[PDB]
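For reference, the structure discussed in these notes is given below.
In what follows, every heavy atom counts, from backbone to side chain, and hydrogens, waters and symmetry copies are set aside. Along the sequence shown, residues carry numbers from 1. Whatever order the structure lists them in is the order used to number ligands and atoms, beginning at 1.
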Amino acid sequence: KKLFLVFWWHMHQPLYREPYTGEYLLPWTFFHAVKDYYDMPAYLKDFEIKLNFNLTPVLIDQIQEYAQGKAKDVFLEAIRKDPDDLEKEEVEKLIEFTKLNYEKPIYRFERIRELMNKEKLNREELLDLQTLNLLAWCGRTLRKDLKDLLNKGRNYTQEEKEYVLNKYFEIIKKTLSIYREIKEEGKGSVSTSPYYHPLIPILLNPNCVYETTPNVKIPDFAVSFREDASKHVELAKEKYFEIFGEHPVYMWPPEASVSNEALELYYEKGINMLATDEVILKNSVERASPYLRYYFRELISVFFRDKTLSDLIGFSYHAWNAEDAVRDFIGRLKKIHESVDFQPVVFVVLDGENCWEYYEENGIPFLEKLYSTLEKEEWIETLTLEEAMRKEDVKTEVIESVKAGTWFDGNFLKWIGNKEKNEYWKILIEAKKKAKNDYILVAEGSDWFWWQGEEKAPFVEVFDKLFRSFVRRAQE
Ligand SMILES: OC[C@H]1O[C@@H]2O[C@H]3[C@H](O)[C@@H](O)[C@@H](O[C@H]4[C@H](O)[C@@H](O)[C@@H](O[C@H]5[C@H](O)[C@@H](O)[C@@H](O[C@H]6[C@H](O)[C@@H](O)[C@@H](O[C@H]7[C@H](O)[C@@H](O)[C@@H](O[C@H]8[C@H](O)[C@@H](O)[C@@H](O[C@H]1[C@H](O)[C@H]2O)O[C@@H]8CO)O[C@@H]7CO)O[C@@H]6CO)O[C@@H]5CO)O[C@@H]4CO)O[C@@H]3CO
């Protein structure tokens, strides 16, 4: 009797490329590509387990542009420059970026602490600020190759900075190929999402927010977004076919968000399986185990992720020692294994690139120990999405209705329902009436609405500039 364990690591970045200047206004795609997007599937080269991945199409587009040397990244241009050529504005944003990240374990260099305590910075100190910001985002693969330079910690030269940059782009250039390779080798399945990571249930029926939050105020949805919902899915299918050679049969719904209408749409578009959140299951079915494969109306398979296990990784274990965390995780899996007489399917689903920067050494001690330990347990069988979908010795249940929501509390309050977020929807509604091109789809991405109307943080205004620029461009 085995426990079937399914990791599904979700990778996404909204579009940082401002459409009038063509500049990437934030470097986060670059930094998560060099730190996470290659290295997360590259674990499969060293560990005999299965791991699965979601790549949003808008993320794939940006990885392609960086890989081809086409991305004009303003923050990265400031890193590349000789410090004598840095504008005051660029130094300021290098310092602000450092302060934003200063407390993360991946920024644990004594030299950073020295440079932040300094009133003015000379050329050598600026070179160190530039290069340490690069090295802070070093992924697992190059932490081996660049060991000598990482241990230096200070006194970097322009030549060493450029060496690091060249290696980082070599990683980005190999990234889509490793996803293709692990898929073809049967080491993992790869899914995608509707193109720009929108909330499909809201685009199909904005009144679905009242299934969970009856008291919320929403704007007057005087335009239909239903066709746009279909387009996000269809264009995702096309992009996925380009990279992987088939239409995708697995999708991750952005924010785990489902509704009866959204599930019907995924079925109509040929998606055979998706996953969503356990809170949605508990809101929809009184007596329900998350260890079963569910069939929504016998149209499409649904797995509900194990929220506690997913949250152990996403929220707890950064604060723990790696060995303690792995022993805890295996212990919980063993209790699950001993708790049912059938073979349970245990989905572990979370962002695949955001939690590691808060772990010691970018979470590499944790993941190496986790995967090493998993591959040794006879009673754990990790599965690809494809195996989880077709596995016969699993228990199964039909469900006829779900209560619309997301993996935030089972509701939509992070993206709609307060004055500020509603203003974004009103902007989008008005723009949609006058829309002339697919930039209106870019502006439907969930990310813009998440950041809007949130307590001020460094670089928040950049998401607002992006959103409004896409809205403007949509109408021209
Ligand atoms: O939009 C840019 C963003 O896009 C991607 O992220 C999206 C992701 O793909 C979706 O799945 C979804 O993610 C949900 C997530 O899975 C849930 O876990 C939850 O996330 C909440 C966190 O759990 C919770 O801890 C908290 O996070 C707070 C941090 O703990 C706190 O440290 C601080 O974080 C600041 C960062 O330290 C700083 O670096 C900067 O963050 C930038 C990112 O580093 C950068 O990569 C990018 O983010 C991408 C992301 O990588 C994609 O995968 O831009 C960020 C902004 O510049 O600034 C942070 C804020 O100051 O504060 C955070 C927030 O309070 O809250 C989060 C969010 O509630 O919910 C997610 C939403 O359901 O959505 C995300 C976003 O669209």
- Less than 4.5 Å apart, any side-chain heavy atom of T382 and any of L51? no
- Task: Using a 4.0 Å heavy-atom threshold (strictly under), name the region of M11 that reaches ligand 1: side chain, backbone, both or neither.
- Result: neither
- Query: With respect to atom 40 (C) of ligand 1, which of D409, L100, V349 exhibits the smallest heavy-atom separation?
  - Reply: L100
- Which atoms of ligand 1 have any heavy atom of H10 under 4.0 Å away? 9 (O), 10 (C), 11 (O)
- Is it true that atom OH of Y267 has more than 12 heavy atoms of other residues, nucleotides or ligands lying nearer than 6.0 Å? no
- Message: I need the full list of salt bridge (charged side-chain N to carboxylate O under 4.0 Å, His left out) pairs touching residues 462-475, with sequence neighbours left out, sorted by first then second residue.
- Response: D464-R468
- Within 4.0 Å of some non-hydrogen atom of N354, the atoms of ligand 1 are 6 (O), 50 (C), 51 (O), 52 (C), 53 (O)
- Pair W28 + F30: ring centers closer than 6.0 Å: no
- What do you reckon, does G314 put a non-hydrogen atom under 4.0 Å from ligand 1? no
- Task: Determine whether the side chains of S301 and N272 contain a donor N or O and an acceptor N or O closer than 3.5 Å.
- Result: no
- Ring centroid separation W320 to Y359 under 6.0 Å: no
- Nitrogen or oxygen atoms of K414 and ligand 1 under 3.5 Å apart: yes
- Contact atoms of ligand 1, heavy-atom distance to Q13 under 4.0 Å: 49 (C), 50 (C), 51 (O), 52 (C), 53 (O)
- Message: Between ligand 1 and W451, can you find any atom pair, the residue atom being a heavy atom, that is separated by under 4.0 Å?
- Response: yes
- Query: Just which atoms of ligand 1 are under 4.0 Å from any heavy atom in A457?
  - Reply: 61 (O)
- Message: I need the full list of salt bridge (charged side-chain N to carboxylate O under 4.0 Å, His left out) pairs touching residues 352-369, with sequence neighbours left out, sorted by first then second residue.
- Response: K104-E357, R108-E360, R140-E368, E323-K369
- Task: Could you check whether the rings of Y317 and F329 sit parallel, tilted or perpendicular, using 30° and 60° as the cut-offs?
- Result: perpendicular
- Atoms of ligand 1 under 4.0 Å from any heavy atom of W407, numbered from 1 in the order shown, are 11 (O), 16 (O), 73 (O)
- Do the non-hydrogen side-chain atoms of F347 and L385 ever get within less than 4.5 Å of each other? yes
- Are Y37 and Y179 an aromatic pair by the rule of ring centers under 6.0 Å? no
- Judging by distance only, is a nitrogen or oxygen of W28 under 3.5 angstrom from one on ligand 1? yes
- Query: So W137 and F97, would you call those rings parallel, tilted or perpendicular, with 30° and 60° as cut-offs?
  - Reply: tilted
- Using non-hydrogen atoms of the residue, decide whether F408 is closer than 4.0 angstrom to ligand 1. no
- Query: Under 3.5 Å, N or O to N or O, is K104 touching ligand 1 that way?
  - Reply: yes
- Does the N or O separation between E255 and ligand 1 drop below 3.5 Å for any pair? yes
- Task: Could you tell me whether ligand 1 has any atom less than 4.0 Å away from a heavy atom of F449?
- Result: no
- State, with a plain yes or no, whether a side-chain heavy atom of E444 is found less than 4.5 Å away from one of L428. yes
- Query: Heavy-atom contacts under 4.0 Å between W450 and ligand 1: side chain, backbone, both, or neither?
  - Reply: side chain
- Message: Test of understanding: given a 4.0 Å heavy-atom threshold, classify the contact between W252 and ligand 1 as side chain, backbone, both, or neither.
- Response: neither
- Task: May I ask you to test the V302-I399 pair for a side-chain heavy-atom distance under 4.5 Å?
- Result: no
- Message: Check for me whether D351 has a heavy atom closer than 4.0 Å to any atom of ligand 1.
- Response: yes
- Query: Of all the atoms in ligand 1, which lie at a distance below 4.0 Å from a heavy atom belonging to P14?
  - Reply: 1 (O), 2 (C), 4 (O)
- Message: Please confirm whether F31 approaches ligand 1 to less than 4.0 Å, judged on its heavy atoms.
- Response: no
- Find all atoms of ligand 1 within a distance of less than 4.0 Å from any non-hydrogen atom belonging to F463, and give their numbers and elements. 1 (O), 2 (C), 54 (O), 56 (C), 57 (O)
- Proximal atoms of ligand 1 relative to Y16 (non-hydrogen, under 4.0 Å): 2 (C), 47 (C), 49 (C), 54 (O)
